[PDB]
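> Enclosed are the sequence and the experimentally obtained structure.
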Amino acid sequence: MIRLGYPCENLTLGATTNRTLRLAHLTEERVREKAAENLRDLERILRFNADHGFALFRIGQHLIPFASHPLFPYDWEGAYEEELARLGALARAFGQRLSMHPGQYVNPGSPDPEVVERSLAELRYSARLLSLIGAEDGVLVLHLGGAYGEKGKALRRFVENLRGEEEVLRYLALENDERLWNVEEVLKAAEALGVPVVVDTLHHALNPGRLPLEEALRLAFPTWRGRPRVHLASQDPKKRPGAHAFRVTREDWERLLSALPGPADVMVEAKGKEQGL
């Protein structure tokens, strides 16, 4: 009655799907080289998860580095369709669920038309990537972004820009955050878009609203067509609010498990990755 998983990278294997590049004037072959390393590590991690009992995994945004950028030198969709299909075959064969979580700077509900143009490009890339992997229970987790003085207007601007976006909506799920948007405010936009809700337990402890963890889950689990999804973390005792601890505490598992209205998929985000549960 619980499925586990960790994001981006594996510490034991030293494998990561999130390599990026910095040198200026990147060549085609410098980019292909890093994409290959990320894709090789994706397979390495999927096969590891099969051996070690992990159903969930989040693919790094930098799997194909700068893929959403107009300056991406080649057709990654053509160059990697065959291998991403081969990778997703393994994933389904293992019965693994794949997801992607774009950073907090991906902001479709921005008042800035230049920032929205970037965010949508990154979202179209992620959804397309999930399509090429054949992740049909695949998830595209996203925060509602900034507030910019007016919270009510920013939320409707978020819904307007994203509802044009059929392929993105096939995977999109909305998540509550530490700062601006709680579960009930996220439920608003989720029903307004016809998408599910991911409850981040740490983000809900920091930013509850008027719902206990038990009731936020009972309100979110109905929004799922398949198996409901949760984001579990622990507050780092030394760092700022929202920062994740190396390992998830026993007590934080205790409150999640004593709150579930039914079986769920748990995305565990600790600093220790697969060593952090």
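Yes, it's here. Numbering: from 1, shown residues only.

> now residue 254: how far from residue 275?
20 Å (Cβ to Cβ, to the nearest Å). Using the backbone N, CA and C atoms, a C-beta is placed for each residue, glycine as well.

> Of all residues in this structure, which one is nearest the centre?
residue 101 (2.3 Å; Cα atoms, centre = their mean).

> how near is it to residue 31?
For residue 101, the distance to residue 31 - Cβ to Cβ - is 23 Å.

> got it, and residue 226?
35 Å.

> Between these two, tell me which one has more neighbours.
residue 31 (19 against 11; other Cβ atoms under 10 Å).

> what's the nearest residue to residue 220 if we skip its chain neighbours?
Nearest residue to residue 220, sequence neighbours excluded (Cβ to Cβ, 6 or more residues apart in numbering): residue 197, at 4.2 Å.

> Just give me the neighbour total for that neighbour.
26.

> Export the helix or strand where residue 127 lies to CSV, keeping only CA atoms.
Using DSSP states H and E, residue 127 maps to helix 113-133. Extracted in CSV, the C-alpha atoms of helix 113-133 (Å, rounded to 0.1, in the frame of the first residue of the first chain):
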residue,chain,number,x,y,z
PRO,A,113,5.4,37.8,-21.8
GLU,A,114,9.1,36.9,-22.2
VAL,A,115,9.1,34.8,-19.1
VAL,A,116,5.9,33.0,-20.1
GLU,A,117,7.4,32.2,-23.5
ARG,A,118,10.3,30.4,-21.8
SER,A,119,8.2,28.6,-19.3
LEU,A,120,5.9,27.2,-21.9
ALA,A,121,8.8,26.1,-24.1
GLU,A,122,10.2,24.1,-21.1
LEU,A,123,6.8,22.6,-20.4
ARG,A,124,6.3,21.6,-24.0
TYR,A,125,9.7,19.9,-23.9
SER,A,126,9.0,18.0,-20.7
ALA,A,127,5.6,16.7,-22.0
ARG,A,128,7.1,15.8,-25.3
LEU,A,129,9.9,14.0,-23.5
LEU,A,130,7.3,12.0,-21.5
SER,A,131,5.5,11.3,-24.8
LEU,A,132,8.6,9.9,-26.4
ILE,A,133,9.3,7.7,-23.4
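
> for that helix, packing partners?
Helix 113-133 sits against helix 76-94, strand 97-100, strand 139-143, helix 151-162, helix 166-169, with contacts defined as 3 or more Cβ pairs under 8 Å, 6 or more residues apart in numbering; DSSP states H and E.

> can you pull out the helices in this protein?
Under the criterion DSSP state H, helices of the chain are mapped to 28-52, 76-94, 113-133, 151-162, 166-169, 183-193, 201-206, 213-220, 250-257.
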